[PDB]
Amino acid sequence: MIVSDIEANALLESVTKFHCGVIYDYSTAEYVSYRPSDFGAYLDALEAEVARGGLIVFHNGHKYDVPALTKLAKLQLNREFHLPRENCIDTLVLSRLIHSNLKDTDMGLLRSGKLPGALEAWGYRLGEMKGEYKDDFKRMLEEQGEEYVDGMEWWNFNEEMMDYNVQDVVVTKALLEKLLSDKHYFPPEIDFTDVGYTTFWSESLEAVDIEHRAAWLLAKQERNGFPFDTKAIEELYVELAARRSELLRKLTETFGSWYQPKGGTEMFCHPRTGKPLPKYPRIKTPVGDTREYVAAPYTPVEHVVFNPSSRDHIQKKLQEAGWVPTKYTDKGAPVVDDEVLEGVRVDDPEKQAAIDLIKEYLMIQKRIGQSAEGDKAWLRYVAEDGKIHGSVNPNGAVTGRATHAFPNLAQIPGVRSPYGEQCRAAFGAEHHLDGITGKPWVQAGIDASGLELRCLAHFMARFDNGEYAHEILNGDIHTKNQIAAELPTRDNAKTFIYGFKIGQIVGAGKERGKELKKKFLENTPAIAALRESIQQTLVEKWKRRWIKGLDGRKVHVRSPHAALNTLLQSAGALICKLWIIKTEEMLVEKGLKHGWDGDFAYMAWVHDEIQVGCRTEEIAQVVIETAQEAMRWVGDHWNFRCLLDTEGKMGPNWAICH
Amino acid sequence: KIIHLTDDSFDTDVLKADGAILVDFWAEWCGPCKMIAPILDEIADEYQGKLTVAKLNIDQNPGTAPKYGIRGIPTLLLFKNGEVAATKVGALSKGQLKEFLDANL
DNA sequence: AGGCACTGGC
DNA sequence: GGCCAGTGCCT
Ligand SMILES: Nc1ncnc2c1ncn2[C@H]1CC[C@@H](COP(=O)(O)OP(=O)(O)OP(=O)(O)O)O1
Ligand SMILES: [Mg+2]
């Protein structure tokens, strides 16, 4: 085993120069420093471990140091360098599967002053550790006349850098250990800082393998990209920016401007008394002849135009219309979400008409922001290669779910949403013209069928002995539910279940809701059985403040009432993580190559679904089928008591594949 | 005694008054506006015939004011045929006002 | 329920 | 800018 790290001249997406690389070989107990000239040697060193069938440890190397070397290798040396997954370890990946409950700053791309909880030790000591090098360089040059330039601390290699390099690894090796020391994921009987990749992987908790393979795959997906139709969206941005411009005008007319006090320094003091009456708007007592003032207070005000986006204005104007605000916030304000807005009823006809225009104006904005004007707007994130590389955190949830961001591609409005037809249609294989044939690719959307209700079946089979399991498959499930809980319509039951605001969902608002759960968790003792069995293994006032996941991992639990969903969200989480892993693998053990230059490419993974890009409709259909086996596999593999499945669909974009 | 203008009334009431109208933009939320209040009231009686005092709230009539770049209150304008004769923002004394006026009236 | 993130307001 | 508040988008 070895523990390396490298310092480049830029982030992956723009990196082009290796600066240096430190290494700590475990079988030598040494730290061999490689400098810019030694790069080739650095590559040789690592390529050496792989020969031994050893293990290379990096901190977040899965998403960087590793793919950045492949990049720089061809670049700087016209060399084909490719570290194979199997020999790579990632302390970040691991530190996300062990410190599941805390929180990271994402390697310094977010301020922890707004992030709750407690920050780790090396975590804050490896992320912020980058800025320690900035000021250390900035200072050592911010005094020598040389004005610091934007981010010149990385343009060129140097000793300071060579130092912070070497320290990186130590903290890394430090971390690496504190993690391997965990007896829950790594058996004490073995010393992984002394085993071969094949032994490290098998001889350790299954999560360690499933996480890394994922961390490695999604990191590939990220690099792939998602062909994004800049045009179609720039096209939408004009249609909206426009529909906005009207609704605005049409409104600003119905709701004139008005004055508000703003700028007063002193406090109005009683003409006689002198009491600093607060309730009264601050004034400005100054001078004084074409004089503007006299020594003679006056409240300075501002002219303010109605702003449909302002939830304040909406509350103001609408209240002067005679609206009586029911629901308020624990902060002294009325709730003005679309919900209440839908309900509001004033008397002036033109005005209540404008409520429906605000509702729509607010939405037009939720789109113009997500697509064009926001900070993480699609149009701002499109790459030169015409793809959007949103980032993915294969963990960061707590249950196993990944977290998407920059921009977040797991919150694209769906097709069943205003303009959710145009947005989805802009993310698609069809937007990527093949490298050679120059012809459009085809997209393949595969998704897990009922993975949710199923994780329940399985888990409650140790009680139902195949009841819901079979119902869910060889018959019907919802009607049993609809009957389970004394309910009227089936579609109601489809909501009642997948959502466990209950009583309301049926009509009432409390009693009937808190009565249904009764009849439901009464005519279906199995879910009742499950629920009880868990409380039993956690409650006693805690025993095990966590749970065990389908792969072995610990799955912390926030509260006793969340216990069951946790257990359930996790199960379906890992089920997919493992699924997309097998899927791709299989697609490879068949003959297809992953990548744009290959036959297929992963473009996105939103919990229980995946949007693979296929070069030919033929390949496309295989994936759809490969995705099937894989899932079924994951089933036998975890001795699932309820056959799991997937439903494929082929098409040009995310819009037609769902 | 004192005139109580309105967005719609403003034109034919102050603008074409031919006489001198000291229009007072205000609001029940401004302390100073409530201060100069009685001042202008007595100003109206002690000037009957030569001067016409008209008050206009800008909370009730949001159209008018935004045209005289109103940025403060009680912004006072002494209208003298179509255009503004003089502008003064603040609570001038029962005597300060009689001085700002006369020197114009 | 689990996440990310946009706009207004200070 | 940095920072909460109030919301809405996804599974
Ligand atoms: N409130 C909800 N929250 C989360 N997931 C939900 C919710 N309601 C439904 N779902 C899931 C269930 C599976 C998926 C699609 O639902 P859909 O109703 O099409 O399938 P179904 O299995 O309920 O019934 P069927 O396929 O017979 O029409 O969405
Ligand atoms: Mg690093």
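Each answer follows from the model by the rule given with it, or from the source it names; no laboratory instrument gave them. Using ideal geometry, Cβ is built from the backbone for each residue, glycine included, and neighbour counts are taken over all protein chains shown.
Only a single criterion out of (1) out of contact with any helix residue (DSSP H, G or I) (no Cβ under 7 Å at 6 or more places or on another chain); (2) crowded, with 17+ Cβ neighbours inside 10 Å; (3) in a loop (DSSP other than H, G, I, E, B) is not satisfied by A:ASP375, namely (2). The residue that is nearest to A:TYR298 (Cα to Cα), counting only those in the range B:46-104 that are surrounded by fewer than 18 Cβ atoms within 10 Å (Cβ to Cβ) and touching a strand residue (DSSP E or B) at 6+ places or on another chain (Cβ under 6 Å), is B:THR87. Somewhere in the range A:585-604, is a residue in contact with a helix residue (DSSP H, G or I) (Cβ under 7 Å, 6 or more places away or on another chain), away from chain B (no Cβ under 14 Å), more than 16 Å from DNA strand D (Cβ to nearest atom) and part of a helix (DSSP H, G or I)? Within the range A:585-604, one or more residues are in contact with a helix residue (DSSP H, G or I) (Cβ under 7 Å, 6 or more places away or on another chain), away from chain B (no Cβ under 14 Å), more than 16 Å from DNA strand D (Cβ to nearest atom) and part of a helix (DSSP H, G or I).
With respect to the conditions (1) under 29 Å from A:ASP608 (Cα atoms); (2) in contact with a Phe, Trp or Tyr (Cβ under 6 Å, 6 or more places away or on another chain), A:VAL346 lacks only one, and its number is (1). The single residue among A:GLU189, A:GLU177, A:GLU206 that is outside the structural domain of A:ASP356 (by CATH), under 30 Å from the mean Cα position of the chain (by Cα), among the charged types (D, E, K, R) and exposed (fewer than 14 other Cβ atoms within 10 Å of the Cβ) turns out to be A:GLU177.
Filter the range A:647-658 for residues that are buried (at least 18 other Cβ atoms within 10 Å of the Cβ), of a type outside the set (A, V, I, L, M) and part of a loop (DSSP other than H, G, I, E, B) and give the result. Answer for the range A:647-658, where residues must be buried (at least 18 other Cβ atoms within 10 Å of the Cβ), of a type outside the set (A, V, I, L, M) and part of a loop (DSSP other than H, G, I, E, B): A:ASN653, A:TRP654, A:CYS657. Can you name the residue in the range A:450-478 that is more than 10 Å from ligand 1 (Cβ to nearest atom) and part of a loop (DSSP other than H, G, I, E, B) and, of all such residues, is nearest to A:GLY572 (Cα to Cα)? Filtering the range A:450-478 for residues that are more than 10 Å from ligand 1 (Cβ to nearest atom) and part of a loop (DSSP other than H, G, I, E, B), the one nearest to A:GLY572 (Cα to Cα) comes out as A:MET460.
Screening the range A:55-75 for residues that are over 25 Å from the mean Cα position of the chain (by Cα) and assigned to a helix (DSSP H, G or I) and picking the one that is surrounded by the fewest Cβ atoms within 10 Å (Cβ to Cβ) gives A:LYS74. Among the residues of the range A:243-300, those that are at the interface with another protein chain (Cβ under 7 Å from one of its Cβ atoms), hydroxyl-bearing (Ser, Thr, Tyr) and part of a loop (DSSP other than H, G, I, E, B) comprise A:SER257, A:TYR280, A:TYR293, A:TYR298. When residues in the range B:26-39 are screened for being at the interface with chain A (Cβ under 9 Å from one of its Cβ atoms) and touching a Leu at 6+ places or on another chain (Cβ under 8 Å), 2 of them pass.
Among the residues of the range B:49-78, those identified as more than 12 Å from chain A (Cβ to nearest Cβ) and either closer than 23 Å to A:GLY256 by Cβ or part of a loop (DSSP other than H, G, I, E, B) (or both) are B:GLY49, B:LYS50, B:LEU51, B:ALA54, B:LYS55, B:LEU56, B:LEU77.
Being more than 7 Å from chain A (Cβ to nearest Cβ) and among the polar types (S, T, N, Q) is the filter here, so list the residues in the range B:79-96 that pass it. Scanning the range B:79-96 gives B:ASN81, B:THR87, B:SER93. Identify all residues within the range A:613-646 that are aliphatic (A, V, I, L, M) and either assigned to a helix (DSSP H, G or I) or not assigned by CATH to the domain that holds A:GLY428 (or both); write none if there are none. Answer for the range A:613-646, where residues must be aliphatic (A, V, I, L, M) and either assigned to a helix (DSSP H, G or I) or not assigned by CATH to the domain that holds A:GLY428 (or both): A:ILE619, A:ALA620, A:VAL622, A:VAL623, A:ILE624, A:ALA627, A:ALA630, A:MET631, A:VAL634.
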